[PDB]
Amino acid sequence: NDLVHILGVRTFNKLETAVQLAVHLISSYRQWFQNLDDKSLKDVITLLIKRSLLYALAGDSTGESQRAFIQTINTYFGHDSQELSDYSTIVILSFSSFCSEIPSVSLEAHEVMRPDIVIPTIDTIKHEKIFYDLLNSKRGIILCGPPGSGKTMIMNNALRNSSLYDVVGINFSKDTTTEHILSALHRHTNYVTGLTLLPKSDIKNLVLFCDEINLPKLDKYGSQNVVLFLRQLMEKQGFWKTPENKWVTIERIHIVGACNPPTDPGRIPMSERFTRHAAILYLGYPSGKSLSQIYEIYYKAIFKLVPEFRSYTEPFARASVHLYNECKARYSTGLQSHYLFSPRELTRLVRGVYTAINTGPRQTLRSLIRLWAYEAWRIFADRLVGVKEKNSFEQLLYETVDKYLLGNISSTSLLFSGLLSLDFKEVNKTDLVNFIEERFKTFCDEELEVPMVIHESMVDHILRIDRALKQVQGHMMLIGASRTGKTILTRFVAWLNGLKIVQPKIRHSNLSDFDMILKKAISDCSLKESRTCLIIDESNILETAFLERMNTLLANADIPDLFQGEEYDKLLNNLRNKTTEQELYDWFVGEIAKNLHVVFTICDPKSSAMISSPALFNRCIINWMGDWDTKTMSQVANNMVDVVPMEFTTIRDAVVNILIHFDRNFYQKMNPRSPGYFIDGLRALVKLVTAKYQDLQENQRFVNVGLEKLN
Amino acid sequence: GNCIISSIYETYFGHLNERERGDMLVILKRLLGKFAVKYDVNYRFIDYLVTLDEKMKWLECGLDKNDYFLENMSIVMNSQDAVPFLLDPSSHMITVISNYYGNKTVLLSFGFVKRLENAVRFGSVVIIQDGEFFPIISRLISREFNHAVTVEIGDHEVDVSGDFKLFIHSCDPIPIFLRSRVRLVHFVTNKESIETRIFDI
Amino acid sequence: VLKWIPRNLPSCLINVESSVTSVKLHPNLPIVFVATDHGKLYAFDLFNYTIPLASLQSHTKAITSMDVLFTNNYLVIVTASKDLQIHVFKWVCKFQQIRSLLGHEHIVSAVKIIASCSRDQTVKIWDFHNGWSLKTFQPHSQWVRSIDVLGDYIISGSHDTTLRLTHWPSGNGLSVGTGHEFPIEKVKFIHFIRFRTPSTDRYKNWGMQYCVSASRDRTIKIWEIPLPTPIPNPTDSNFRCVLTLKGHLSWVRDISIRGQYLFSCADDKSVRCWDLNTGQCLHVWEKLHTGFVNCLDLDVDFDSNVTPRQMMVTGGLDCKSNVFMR
Ligand SMILES: Nc1ncnc2c1ncn2[C@@H]1O[C@H](COP(=O)(O)OP(=O)(O)O)[C@@H](O)[C@H]1O
Ligand SMILES: Nc1ncnc2c1ncn2[C@@H]1O[C@H](COP(=O)(O)OP(=O)(O)O)[C@@H](O)[C@H]1O
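Encoded structure:
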């Protein structure tokens, strides 16, 4: 009772899970004990009892807490009984360990892109086995832990690789209801006599996977409804038909939940009334050695593509795991609401190294380390707040490279592009700025009539967003001061890459119209292979259900709710016009991941809950646009006033830097600073100086004509 | 010197009252003296951008004798490159622009999209009270067009008459995207207002 | 004599004040004219490139492109400017203003002969003799970029990647074509004398079977022209491709074809010459300009009136041009 727990329940209410798991284990093993002695039988029974007690009383604790519990449960039953450890397992009977049960697989390069690829390791298979037992024990499941632990990944691993079970994926929104669940089960269950609801299959049970159950919001009287609905299904073993008013009994269904800890902002604490009937497990962060093995396997699978340095997999695995460890160490979420670190971004780092290697020329050692460092700058040190932590990251990269086995490492000097040629390689600054200038001038002459500047900070950001866009599942968050040019940057990179711009023209709008626009975009993407990029501003979002839909498609690789019925019928008809159920849906997932890219242009750091959502952190490459710098704006002002010759008594530098100084004083006398005031001032000054200097020029010309006539 | 003062006065001091605007002016003039640029010691922007005949033209429609209101509608009329914004809980800017234009002033509030489409088709000036209820107009307030001139309002292309002006007014003492594009003008009386008023009286 | 390939090193370099946008040599005299984006026309003798023979400024805005034509006799020099003015001068060794033209409401892009293309959405056709307005037409719902005239037929590719073939007396679109994902930068007919080998007698009477197209997506595509009836054929008015040509590292600006070896220029500091038979790049010239290679020009091998001499010339954005002899 006195140890640490999450979702604190009474100790009276875990005995259900403990006893039911133990009895199911004994009923599964019973028909093998007929040829066993009394002592071996008693040892097996006490081993299973100890395992049930440990995994039903300390399931919501951490690894060191679990080891303290295992030593206390060893010393509280005496040493005569069979001992239980972290790796202990009963299997054909004989005492064994989990360490000899893991499989071995060596995947090649072209399937690392799949988000559902599951790597085998020790904790994964241990939680797999306990998940199997606890699901077969006719008991509800909830998994809670820090973000990035792989709850959805472990769920898909356990549910896809079972012949007795299937998967139905539903994701809750901020505003939920009861027909979400009925709609999710509508495509996979049928009503039979509807007195009884059963899965469409007959031999395999169907389990409802719901994730982020903390997300739904309470009403004004301190009570939600969806968790009570879940409690009614997984306790009463039935529910009430809302329009028909009859009891509907469900027997082979199961309820499994995934959620964040209640300490996360925007995540409510549930009543113990619902968690009473379920079984809770803590899914913590994997240990250092487990991550080391996982990324060793990943780096071996990625250096299969470059066979010259196959023996250098192990130092890079140590460097990546260690670097993640002190990257989580030196700052946390207590300083800012976006410093959330997880294995997700290390996986995406491996993905970026993959696409850079595959889409690149012949590589050597120093090129490979500098590419790795550039990707580390790309994905780890991209949403920070100052340059001190940036140079700390640089020296951190230096020390981990020299301790795990040079050239420049800094991202400002390492310039990797894909527009200068057909391969992803090192490029030339002059060539890139010339190409960007030519592209912008032809864009201005063609479509958008803004006589607008090009400078080094914005071309660097263009490179940033182009690198983020060229990848698959490439969705990036642009947060910066207003009128900095994020929307124009997105339009420019879409024009250069080839993606066409679509925008939602929103109150005076609804879910029906927005999903009609979405379905039109989806149909165009599926039929014409249309490259779609959609631009959302602050005014384009009013309901949190929109963000829930993008969060669903982003945390997952797809939308498992809005693609159903006659829409599926016409979609498959058109696809078979162009061309199994699971394979067809997987190819749909792949093509919609390769042919869709969402951008958010949000300036306010609903938006606070948007950034704070760690599910939204999954496939968002949060790029810190930030505010302008004094040197950067001196450059842009010098470029802007160059078209207006005004040197009279140079003075252009003096006027631009004194204007800079005045607005610095104004900001200090009155958080981000919006550069709209600056650009409005520069434009007004330029137009007024030009117009009134022309007027004074013709006035002085008339005066000179009069003076020449009178002299 | 007077031109840089005029530009920075019309773009930076729209939402500042007399005391802090005087502090900003004296700090800016000290900065100009630091940077050693020629200017005018005895210069006022009202003496620059307000013509006496047009001053009387605004005077015959509800102009107040306070110089704060003078610089207020001077900044309003000088906002040509950007759309103007009128912050007034007392509802006086709407009245003065309505009786200064006349039938040109078309009064709308937040079928508003159809009314706005008709207004931009006929070239009609539109003023909305309670601008916090604001998106259709977003392209027009960004002032970016598809040259033929055409207007891609909503989902159906339209044509701009060429004589269109757009004013937005509110009363609550605002989206940041809206705020950046607009020219915010303050009309709240404070201690500096009563200071100057009793001093001149 | 028709299978000449220029050497790698440039013969000499014409230094220009601003970026070169159009180059054209005199078919008769050994002189060349370069028109820039600053409204500047520089005339340079082909064997005397030291001093500018004629540095003229008659254009307020940029000159995108220009060409010349010999009367059937003097030479016509047609120049254009983005302020919607078209000029025709007289070469004595100076430019003498012969005539001016108007009728375009926006920036003019290119000229052909006199006809011209612009960005003002309207196709307008005048006469050099008359100088008045004769023909107006709308090519597509979206405006075209590259046009040309071959007797009485015009092919046009628009910003929406739409090719249309029209006939001046009939006034109807003979065929429609498409296939790229990007707007077409240049489209050109292919005539006969595998591209110059006719297939049937009907197409021998026609003379056009293939056509080349270049865009900014680093692709060169040759398109088959469907059989027309004049009156259009609804069932025989669709283009089709047979070979995709690539190799450029940037946008393809302009293309030129002669014999079997075709020349192209791209923004990757390079000019590449290919063969239409094997598809392998016969030569890649690198480092021609510090800026992008904007335009190419050679003696017109497709016209027997002009002598296809031993000359080549290219322009660039680096305020310089390279002319190749020997
Ligand atoms: N130990 C691990 N082994 C392999 N992949 C992992 C591991 N941990 C995390 N991942 C990656 O993280 C993703 C799972 O994210 P998850 O933690 O389910 O998101 P959320 O925190 O929103 O539930 C998977 O796509 C997987 O590739
Ligand atoms: N480099 C730039 N410097 C200053 N202003 C710019 C720049 N690029 C674009 N803008 C202006 O910003 C507007 C678009 O701003 P946007 O990118 O939407 O800002 P945000 O993304 O912060 O809302 C355009 O109308 C343009 O006039």
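Order-wise, the sequence lines are chains R, Z and X.
For the first sequence, the residue numbers in UniProt numbering are 2270 to 2361, 2366 to 2466, 2470 to 2681, 2686 to 2786, 2788 to 2860, 2869 to 2894, 2898 to 2941, 2960 to 2980, 2985 to 3025.
For the second sequence, the residue numbers in UniProt numbering are 3322 to 3431, 3435 to 3458, 3460 to 3473, 3477 to 3501, 3505 to 3532.
For the third sequence, the residue numbers in UniProt numbering are 139 to 210, 218 to 237, 241 to 261, 270 to 349, 356 to 391, 398 to 494.
All residues carry an ideal CB built from backbone N, CA and C; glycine is no exception.
Please report the Cβ distance between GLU2670(R) and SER2690(R), rounded to the nearest whole angstrom; I am assuming they are in contact, meaning their Cβ atoms lie under 8 Å.
-> 6 Å
Between the Cα of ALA2802(R) and the Cα atoms of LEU2815(R), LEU2792(R), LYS2750(R), which residue gives the shortest distance?
-> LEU2815(R)
Hey, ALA2593(R) and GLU2381(R): beta-carbon distance below 8 Å or not?
-> no
Contact check, residue 2981(R) vs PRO2619(R), beta carbons under 8 Å = Between 2980 and 2985, chain R has no modelled residues, which means residue 2981(R) does not appear in the coordinates.
Of the residues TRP368(X), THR334(X), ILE349(X), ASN401(X), the one placed nearest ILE384(X), counting alpha carbons only = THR334(X)
Check whether the Cβ of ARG2987(R) sits closer than 7 Å to any heavy atom of ligand 2, and report yes or no.
-> no
Just mark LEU2996(R) as buried or exposed, buried being the case when its beta carbon has 16 or more other beta carbons within 10 Å.
-> buried
Can you round the beta-carbon distance between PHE243(X) and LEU194(X) to whole angstroms, since I take them to be within the 8 Å contact cut?
-> 5 Å
Excluding the 5 residues preceding and the 5 following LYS2517(R) in the sequence, name in chain order all residues of the same chain whose CB lies nearer than 7 Å to its CB.
-> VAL2524
Name the DSSP bridge partner or partners of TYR2849(R)?
-> Its beta-bridge partners do not exist; DSSP assigns none.
Where do the ends of the alpha helix (DSSP H) carrying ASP2678(R) lie?
-> 2664–2679
From the beta carbon of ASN2714(R), is the nearest beta carbon of chain X less than 8 Å away?
-> yes
For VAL468(X), the nearest candidate out of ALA225(X), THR482(X), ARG426(X), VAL420(X) (CA to CA) | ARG426(X)
With 8 Å set as the bound, which would you pick, yes or no: does the beta-carbon of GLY459(X) sit closer than that to a beta-carbon of chain R?
-> yes
Where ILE2645(R) sits in the DSSP three-state scheme | helix
Rounded to whole angstroms, what's the CA-CA distance from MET3398(Z) to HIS2741(R)? Just pull it up for me.
-> 37 Å
Note down, in chain order, every chain R residue with its Cβ under 9 Å from the Cβ of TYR3333(Z).
-> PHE2972, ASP2973, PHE2976, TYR2991, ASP2994, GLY2995
Out of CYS273(X), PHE185(X), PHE284(X), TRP419(X), which has the shortest C-alpha to C-alpha gap to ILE246(X)?
-> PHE284(X)
Name the chain X residues whose beta carbon is nearer than 9 Å to that of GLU2718(R)?
-> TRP419, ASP435, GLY459, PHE460, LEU485
Sufficient close CB pairs (3 or more, under 8 Å) joining the stretch 2440–2458 of chain R to the stretch 2479–2497 of chain R = yes
Might you give, ordered along the chain, the residues of its own chain that have their beta carbon closer than 8 Å to the beta carbon of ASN3387(Z), omitting 5 neighbours on each side?
-> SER3524, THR3527, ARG3528
For the stretch 2409–2430 of chain R, enumerate the residues whose C-beta is nearer than 7 Å to any C-beta of chain X, in chain order.
-> none
Taking DSSP as the reference, what is the three-state secondary structure of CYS3324(Z)?
-> helix
Using alpha carbons as the reference points, say which of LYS2979(R), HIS2274(R), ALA2555(R), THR2890(R) lies closest to residue 2685(R).
-> Residues lacking coordinates in chain R include everything strictly between 2681 and 2686, among them residue 2685(R).
Name the residue from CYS2806(R), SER2790(R), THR2286(R), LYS2766(R) whose alpha carbon lies nearest to the alpha carbon of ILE2822(R).
-> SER2790(R)
Own chain, CB closer than 7 Å to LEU2908(R), minus 5 neighbours either side, in chain order | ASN2832, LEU2835, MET2902
Considering only residues of the same chain and omitting the five flanking positions on each side of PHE2404(R), which have a CB-CB separation below 6 Å?
-> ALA2431
Considering only C-alpha positions, which residue in the set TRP288(X), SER314(X), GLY307(X) is nearest to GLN298(X)?
-> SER314(X)
Best match in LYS227(X), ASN218(X), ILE189(X) for proximity to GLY177(X) [C-alpha to C-alpha] | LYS227(X)
Beta-carbon of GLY2778(R) versus every beta-carbon of chain X: anything under 8 Å?
-> yes
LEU249(X), DSSP secondary structure in three states | strand
Just how far apart, CA to CA, sit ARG2549(R) and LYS2283(R)?
-> 13 Å
Where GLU2718(R) and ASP486(X) are concerned, what is the direct C-alpha to C-alpha distance, given to the nearest angstrom?
-> 13 Å
Counting along the chain, where does the beta strand (DSSP E) carrying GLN2508(R) start and finish?
-> It is not in any beta strand (DSSP E) - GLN2508(R) instead sits in the alpha helix (DSSP H) that spans 2502–2512.
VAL3000(R) by DSSP, collapsed to three states: which one?
-> helix
Within 10 angstroms of the Cβ of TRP288(X), are there 16 or more other Cβ atoms? Answer buried if so, exposed if not.
-> exposed
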